[PDB]
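Below you'll find the structure, written out as structure tokens, and then a few comments.
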Amino acid sequence: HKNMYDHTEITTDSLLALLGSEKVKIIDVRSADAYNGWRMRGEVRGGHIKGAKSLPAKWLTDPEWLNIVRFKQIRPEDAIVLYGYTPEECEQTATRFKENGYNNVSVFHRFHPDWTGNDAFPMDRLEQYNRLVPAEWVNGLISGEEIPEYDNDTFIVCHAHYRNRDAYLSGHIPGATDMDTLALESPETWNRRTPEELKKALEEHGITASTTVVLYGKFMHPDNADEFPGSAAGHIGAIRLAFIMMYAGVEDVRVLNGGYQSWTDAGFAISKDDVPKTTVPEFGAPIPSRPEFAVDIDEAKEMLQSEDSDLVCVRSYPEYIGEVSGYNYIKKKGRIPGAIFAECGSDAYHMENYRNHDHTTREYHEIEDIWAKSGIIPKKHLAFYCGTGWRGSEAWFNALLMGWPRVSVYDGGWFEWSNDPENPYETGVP
Ligand SMILES: C[N+](C)(C)[C@@H](Cc1cnc[nH]1)C(=O)O
Ligand SMILES: [Cl-]
Ligand SMILES: [Cl-]
Ligand SMILES: [Mg+2]
Ligand SMILES: [Mg+2]
Ligand code: NA
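Take 27 as the starting number for the sequence shown in PDB author numbering and just add one per residue.
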């Protein structure tokens with residue numbers, strides 16, 4: 027007897043006995059930040075039931091909901107077990123599955139406090155989840171409230187954009203200041219600036235090595251027909267700047283997960299003030315403190331020859347096979363020989379394969395699993411790259427979050443590689 031609105035409860039003991047079953051899909055309907063590990067109700071152990079997939083209940087208003095589910099490989103013949111902080115949070119999702127041809131749907135009532143509270147019940151979390159912050163954390167920070175995973179006394183919220191102050195002036199997080207990505211990377215090479223330039227730029231924007239910097243950007247629907255589509259890919263830009271700042275030596279860098287969209291979806295107030303900078307006189311550390319995060323072309327060439335190492339191409343497929351360059355300022359088309367392809371998404375200004383529709387990072391197990399199928403694994407020194415390094419930086423950041431011990435960005439990318447006509451390249455379908 028199928029019942030659309032009254033959902034069978036699954037007990038703790040029954041769920042424990044099913045933890046290894048390939049026919050069971052355990053679905054966490056909490057926010058992706060809680061799933062990653064954030065202790066959003068004060069639970070002592072954060073994260074998810076081991077083996078659970080992420081399907082935030084917020085996504086029920088997405089017209090593509092069923093396609094998300096199918097793309098996650100959750101199928102009608104699976105036994106679906108839903109949980110949240112409360113069973114009541116699962117009710118609408120359970121009904122949505124049942125309305126869409128899933129007849130085996132249960133609700134687990136005792137994730138919190140029973141599962142989270144007992145250390146024999148397996149949980150998992152994104153190892154460095156505290157670098158990828160929810161909007162509630164940022165709001166607590168700017169409010170001076172006590173927040174978890176923070177013991178500094180100095181912070182700055184930084185709104186990234188590429189040559190587009192309107193992205194900030196049209197609406198930003200209260201108190202935040204804007205940073206043009208041109209402040210930290212050069213329009214000549216599209217590589218990070220020299221250490222002396224980085225020092226000066228960081229100081230002028232009010233940033234010391236011991237400042238907690240919270241970076242985010244605004245997605246404004248990049249259109250490849252505009253002169254500068256990157257002016258609209260603000261949150262990729264934010265993660266690119268996070269890379270450069272962490273390389274430079276800012277000890278504590280955070281990224282707002284999903285960027286500006288997450289702030290407004292949470293319903294917080296926004297500001298249009300043009301906030302003046304408060305400069306600081308001394309960065310306070312030698313730049314770069316973390317040079318290993320950045321790989322230039324001679325090291326990249328060595329990595330292509332080493333068994334220990336690989337370059338990871340985070341470009342679109344039409345770029346990879348040489349149909350297009352990806353960019354209106356790159357004429358050469360083709361790919362670096364010997365790199366492992368890890369398709370970014372549709373084009374140079376979209377990261378669909380690394381993100382959810384709401385711009386939060388894609389469920390990290392899915393990224394991990396796809397990467398492993400190509401031999402992109404943490405025991406290697408990996409250098410992520412793309413055309414000029416923005417998408418490479420976002421892939422790199424995803425691997426950093428997983429705790430991977432040797433990940434870098436090959437900054438120069440296809441731009442630098444193809445600018446030397448002596449460098450070999452491939453084209454066409456492999
Ligand atoms: C390095 N700039 C800022 C010129 C890039 C940034 C970028 C966005 N997606 C890939 N790269 C551009 O806007 O094409
Ligand atoms: Cl973006
Ligand atoms: Cl390439
Ligand atoms: Mg897990
Ligand atoms: Mg570069
Ligand atoms: Na290699």
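By construction, the Cβ of each residue, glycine as well, lies at the ideal position given by its N, Cα and C atoms.
Sixteen is the threshold: when 16 or more other Cβ atoms of the shown chains lie within 10 Å of the Cβ of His33, as they do, the residue is buried. In this structure, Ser132 lies away from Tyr188, with their beta-carbon atoms at least 8 Å apart. At least one heavy atom of ligand 5 lies closer than 7 Å to the C-beta of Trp216. When DSSP states are grouped into helix, strand and coil, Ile36 belongs to the strand group. Between ligand 5 and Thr414, a heavy atom-to-CB distance of less than 7 Å is present. Leaving aside the five residues that flank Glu211 on each side, the residues in its chain whose CB is nearer than 7 Å to its CB run, in chain order, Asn217, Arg218, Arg219, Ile270. Ligand 2 approaches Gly243 closely enough that one of its heavy atoms is under 7 Å from the residue's Cβ.
Note that the C-beta distance between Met272 and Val279 is below 8 Å.
In the DSSP assignment, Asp291 falls within the unbroken alpha helix (DSSP H) covering 285–291. Close to ligand 6, as judged by a C-beta nearer than 7 Å to any of its heavy atoms, are the residues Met329, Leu330, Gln331, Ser332, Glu333, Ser335, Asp336, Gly364, in chain order. Shortest gap from the CB of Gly439 to any heavy atom of ligand 5: under 7 Å. If you compare the alpha carbons of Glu369, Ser332, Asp192 with that of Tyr343, the shortest gap goes to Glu369. Counting along the chain, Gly243 sits inside the beta strand (DSSP E) bounded by residues 238–243. By the Cβ neighbour-count rule, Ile296 is exposed, with fewer than 16 other Cβ atoms within 10 Å of its own.
For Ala295, the three-state secondary structure derived from DSSP is coil.
Rounded to whole angstroms, the gap between the alpha carbons of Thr37 and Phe137 is 10 Å. Here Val340 has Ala368, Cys370, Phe410, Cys412, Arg417, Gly418, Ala421 as same chain residues with Cβ atoms under 6 Å from its own Cβ, once five neighbours each way along the sequence are excluded. In this structure, DSSP gives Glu452 an extended state, which the three-state scheme calls strand. The three-state secondary structure of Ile402, taken from DSSP, is coil. In this structure, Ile362 has its beta carbon less than 7 Å from a heavy atom of ligand 3.
Between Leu241 and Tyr176, the alpha-carbon positions lie close to 15 Å from each other. Note on geometry: alpha-carbon atoms of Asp299 and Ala193 lie some 12 Å from one another. In this chain, the beta strand (DSSP E) harbouring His187 covers 181–187. Listed by position in the chain, the residues whose beta carbon lies within less than 7 Å of some heavy atom of ligand 4 are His74, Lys76, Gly77, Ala78, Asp150, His391. With respect to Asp437, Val338 sits apart: the two C-beta atoms are not nearer than 8 Å.
For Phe410, the secondary structure class from DSSP, reduced to helix, strand or coil, is strand. A residue is called buried once 16 or more other Cβ atoms fall within 10 Å of its Cβ, and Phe97, having fewer, is exposed. Here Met30 is exposed: its Cβ has fewer than 16 other Cβ atoms, across all protein chains shown, within 10 Å.
Residue environment: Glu389 is assigned as buried (16 or more neighbouring CB atoms within 10 Å of its CB, all protein chains considered).
Residue environment analysis places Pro255 among the buried positions, since at least 16 neighbouring C-beta atoms fall within 10 angstroms of its C-beta. Secondary structure note for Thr119: its alpha helix (DSSP H) is the uninterrupted segment 117–125. In terms of Cβ geometry, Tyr451 and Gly364 do not form a close pair [threshold 8 Å].
Checking the 7 Å criterion, the Cβ of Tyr273 is out of range of every heavy atom belonging to ligand 1.
Secondary structure note for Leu337: its beta strand (DSSP E) is the uninterrupted segment 335–339. A distance criterion of 7 Å places the beta-carbon of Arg316 beyond contact range of ligand 1, judged by its closest non-hydrogen atom. Checking the 7 Å criterion, the Cβ of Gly256 is within range of a heavy atom belonging to ligand 1.
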